[PDB]
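Peer 1: Submitted below is the structure of interest, expressed as structure tokens.
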Amino acid sequence: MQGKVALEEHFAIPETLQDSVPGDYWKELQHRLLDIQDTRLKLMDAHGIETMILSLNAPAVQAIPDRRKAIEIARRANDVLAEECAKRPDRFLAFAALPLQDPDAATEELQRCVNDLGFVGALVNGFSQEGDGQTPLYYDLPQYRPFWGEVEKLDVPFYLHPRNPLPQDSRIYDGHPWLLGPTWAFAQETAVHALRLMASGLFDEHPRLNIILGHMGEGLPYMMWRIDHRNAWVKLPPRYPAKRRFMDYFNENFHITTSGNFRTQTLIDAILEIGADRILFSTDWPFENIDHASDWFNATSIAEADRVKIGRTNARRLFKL
Amino acid sequence: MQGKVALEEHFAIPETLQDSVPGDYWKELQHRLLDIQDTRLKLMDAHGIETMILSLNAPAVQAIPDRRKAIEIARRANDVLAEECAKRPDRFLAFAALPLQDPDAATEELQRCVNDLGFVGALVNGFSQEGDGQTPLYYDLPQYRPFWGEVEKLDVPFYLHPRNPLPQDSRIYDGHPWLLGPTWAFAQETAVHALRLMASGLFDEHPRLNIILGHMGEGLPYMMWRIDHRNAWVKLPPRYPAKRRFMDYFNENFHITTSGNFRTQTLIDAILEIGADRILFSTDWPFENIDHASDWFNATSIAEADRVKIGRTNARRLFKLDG
Amino acid sequence: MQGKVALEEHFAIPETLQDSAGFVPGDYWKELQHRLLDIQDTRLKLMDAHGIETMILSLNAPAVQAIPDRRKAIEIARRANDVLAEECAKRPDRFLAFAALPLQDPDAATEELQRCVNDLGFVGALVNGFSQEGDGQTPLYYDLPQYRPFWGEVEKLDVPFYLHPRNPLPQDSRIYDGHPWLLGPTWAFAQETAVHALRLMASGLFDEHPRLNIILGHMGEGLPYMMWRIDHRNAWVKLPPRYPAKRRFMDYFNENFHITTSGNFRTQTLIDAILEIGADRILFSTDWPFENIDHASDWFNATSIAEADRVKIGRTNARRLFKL
Amino acid sequence: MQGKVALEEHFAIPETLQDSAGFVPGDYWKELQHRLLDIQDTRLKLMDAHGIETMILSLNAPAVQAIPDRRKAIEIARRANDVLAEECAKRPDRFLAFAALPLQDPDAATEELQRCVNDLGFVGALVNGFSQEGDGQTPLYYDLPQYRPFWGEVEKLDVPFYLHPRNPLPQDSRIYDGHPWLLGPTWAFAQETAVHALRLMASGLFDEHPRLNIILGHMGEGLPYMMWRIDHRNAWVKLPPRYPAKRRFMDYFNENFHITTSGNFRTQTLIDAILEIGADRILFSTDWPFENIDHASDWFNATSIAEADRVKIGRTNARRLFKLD
Ligand SMILES: [Zn+2]
Ligand SMILES: [Zn+2]
Ligand SMILES: [Zn+2]
Ligand SMILES: [Zn+2]
């Protein structure tokens, strides 16, 4: 399939490189993160990707406790991204990096990126760190409501990307560093953060919000029924502030991508849960090979009509292209 | 379907009853947990369940920090269960409650339950608490290897059941108590505990072990591919002690049940990931209605041959009930 | 789900009533007749109780397609269409109509479709497979040359064509000899309709008229499950197909066809279809009165698909297709 | 996956070679002829390269079923079976055999099956649909009364019967008139075989002989997808079916049939079949030489199913069915 749109495609600036074992693989990953116009573009041309929506790596800004520095790095990453997109505006679009440890500053930067730089959304690596940085700040909190109101006003999607939990909140993984990151920790952290947004009633207040999750929903589709229906015999209204069910907000305010989850069985389950209209192709490059993502997607067992929607038209519609 | 086997069916004793909002629902749940020979049996007769493998509620013994007390309560709960099953041996089987905060005591009690009481396995509610009870004790730790060796020798399954993480290990849920328990926390806690067992190399050392997970695998099937294959271009071997991949241990040493997860889409995904031969019917009664579980299972969209296997024969084979 | 659209819902006129006599055993015949003749009463009450807002009505089978005499066929089609228009006018907010066509006379059929669409406001046509004409001993399929003008008009009017089943003629039914239970909905209906559909595709009809929309009931008459094989059998042979059409069967099926859930309330079948043709081309339907409306609706309300797709398959796909 | 078992793998003898002519034009015909006549060389090299340990061989089609003269049919069947036995003996560790049967003569077919199984060690029979006999203008289906003794012997010998496709006679193919491209594997093969299978079911054959094992290729010739409708159409009518069988079509399909992946390398189709008949009754097969072995193997190695089921469908279901353990 040609003309695909991919939207969990990362790059980095020297300031955030460290954020992402020594040897040839680490050297290659660094090269990939810094490259946009050469290797990346050639792979897009060879693997049917017309549009790549770029985003800064992780944890990047979300791991910068000093709001002053976080704002600085965010603006810097966004300016660099704007310059890179300008080189091939027919192929590259961008997601804004935001200094959410400072709600007002984040709202202002999103406005600048969207209104002045033409960015089409925001990508944030989970909770923010601020001050001593020992407290994970989730976006369902009160201080972020004004921000969400602006996101809805600008009407651009918010990509809730993973990050690892803080050490004090990672004891279950002690002795197992191999369970951190994309193996598992990333999914748990992101899935719960998403559930917090839903449970808080954020989508009752701002029903037009569009949230995007990668890695096929971080496991949510498979357990969505249970999330709402567990202990069904108990006919008492849910205790959370949100007015409806989790499945309602997931079905109406979320979209998921195939980033780093090239599994047909997983895609089929998602198609039967959230629907093909809300699944988007993505690769997670440079952490995943573009050819791996594309070759899998070209052959996965779905209707050709859905391969076109998931690979291209769903995204073009979502980002008003 | 008649003649089903259900194996995540709970009961409680006064001592552990408290482990399980005020009103009529709370009163009903308590009654259900204390009943075995009446209400429960009538529902089994009405909903095609021939065999029910019983287990104590949660967290129960795993939440008793004092080793002596934990050993006492486990003992009491197992003796009570043994007596209840003896009243109707053709309908009730039992899972042992174990005081794992004391590895040796736990091994001794499992042998006692299996060899002397005829129990067919063990059910443990996640990590154990001991001493000050502020440290979650996972079973992949070195001190539990002798125990696992005995489990394999006795050749009985180990049901790794959920429990909530300790407060200091649940900040991500702060302000959202509705995310604890069956809504989500139970799955994360159990899924990771299972992955720790796999990564530790436990199944290389004891390959004949049979581990059971409820709630359709606590989310594992859907993300299993990613667990091993993420960043596939990096051809460097994983650094965990285990010699093979997570999918290998999941496919070879685990079985999942339908407890509290009556969703056809989820069952189809599991069938295409772990296979119908490793999926077992279960309800999670009394936390779930038996009729809800049975009615869903009778109509779910699978082959009739698989409905027979998942509903009865997989369990009969696993617990050697045909000989 | 409320607000559903159903489009394989039948009725009969006195002149075609007996055609359904063999569909059900005795004792049930009286009830089936009542169902076929009723449009405004029981039918509407079932629609209100089972979340159906719009019902696109069609004459029963084989009806017009089994009338060998051209003059008579044209007469019955016009009468059936006039009656249907009268019935729809009584409850225009709930009933729409498919035209009955005397295709044993191409020109007349073309004229009648135009009348139904332009003057009566019908939204498409429903035809029970091949036509019989003259001695009526030869099945007339619509891929034949004489029907090209007709298809051009269908495309011009831009209304869908529902290719409904009918049993093959006795001389073309020997494989079922001694097994009358295999005729009809059990199996014969599907084979007859599936192949007729393939004949249309292979003939190149959709190369000539790419905007045509064909609808098949009973979840595609078995086509989705075997579609890959239909094109890819003997794939090692790198030679072009031998039929007139320029492309593959899957292309025409994916681009010119839609299938309904009529009389095939099976979740596994629906999942396969979703993974082959896609939810955007699957439509809810019941096959009332040959199938119970409650059976169709209750199954559809609980089938294992995404809620977004339940809305599309149950309502929006049809509203989009019929420009409602 | 290595160690697979494939069971819809054909060959031909000079006497039946022309039956496969019409299929491919030129050059491809030369290649197909080579493939059909070869058993020990190219075929074996492909098995070694594509993880196939066991290949259960069968004569091509329609072959014996299209020989109306009883004596000639018996002769050709015996000749094909003797050649097959000789070929299998060259490499018994890799090749097994299905018997060709002269069913236009029930007693003769019964005797030949006994000879093949008891004396030649064949593991089953493969028949290309209905038989032609005498004037050959009437399709002879195996649900007919005269074949009951034969079926009783099949059950006694306890070997599977592979009901393979064939095209219907011209007078029974008018629906395909003008569309020769719809005959054969494109569609006609499936319709012919699916209905023949339903006739066996409806006749009550499996009530009388419940231990029979029937095998269908091409993923069941379309049956799984429409199985619910076959039994449940017009469900509101609460009256029993009119056929002689005591139970439902789905019951006989579930209990007496097995389907193979021959010439139907489609994951969606396999998933539907897994959710209808179950992975325990699906078997890997290729339909070589009409289909490429690498096409079948490559698809099966990557299809979206549980690894445990890949092992069963690719090898253990067959080994259990043919008692190879
Ligand atoms: Zn990423
Ligand atoms: Zn439980
Ligand atoms: Zn109909
Ligand atoms: Zn074949």
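Each Cβ is built from the backbone N, Cα and C atoms, and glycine gets one as well.
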Peer 1: Out of D:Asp272, D:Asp280, D:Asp287, which does Swiss-Prot tie to the same 2,6-dihydroxybenzoate site as D:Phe23, D:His164?
Peer 2: D:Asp287
Peer 1: According to DSSP, does D:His164 (Zn(2+) binding site) sit in a helix, a strand, or coil?
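Peer 2: Strand, per DSSP.
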Peer 1: Return the residues near D:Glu8 (Zn(2+) binding site) by Cβ distance under 8 Å, restricted to its own chain and a separation of at least 6 in sequence.
Peer 2: D:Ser58, D:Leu126, D:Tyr162, D:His164, D:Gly217, D:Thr260, D:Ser262, D:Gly263, D:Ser285, D:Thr286, D:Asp287
Peer 1: D:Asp287 (Zn(2+) binding site) has how many other Cβ neighbours within 10 Å of its own Cβ?
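Peer 2: Other Cβ atoms found within 10 Å: 26.
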Peer 1: Over all pairs in D:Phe23, D:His164, D:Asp287, the listed 2,6-dihydroxybenzoate binding residues, work out the largest Cα-Cα distance in Å.
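Peer 2: Largest pairwise Cα separation, rounded: 17 Å.
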Peer 1: What is the separation, in Å, between the Cα atoms of D:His10 (Zn(2+) binding site) and D:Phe23 (2,6-dihydroxybenzoate binding site)?
Peer 2: 14
Peer 1: Under DSSP, is D:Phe23 (2,6-dihydroxybenzoate binding site) part of a helix or a strand, or is it coil?
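Peer 2: Coil, per DSSP.
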Peer 1: So if I draw a 10 Å sphere around the Cβ of D:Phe23 (2,6-dihydroxybenzoate binding site), how many other Cβ atoms end up inside it?
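Peer 2: So the number of other Cβ atoms within 10 Å of D:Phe23 (2,6-dihydroxybenzoate binding site) is 14.
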Peer 1: Can you tell which of D:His10, D:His164 has the least company, meaning the fewest other C-beta atoms within 10 angstroms of its C-beta, among these binding-site residues?
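Peer 2: Result for the binding-site residues D:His10, D:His164: minimum number of other Cβ atoms within 10 Å at D:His10.
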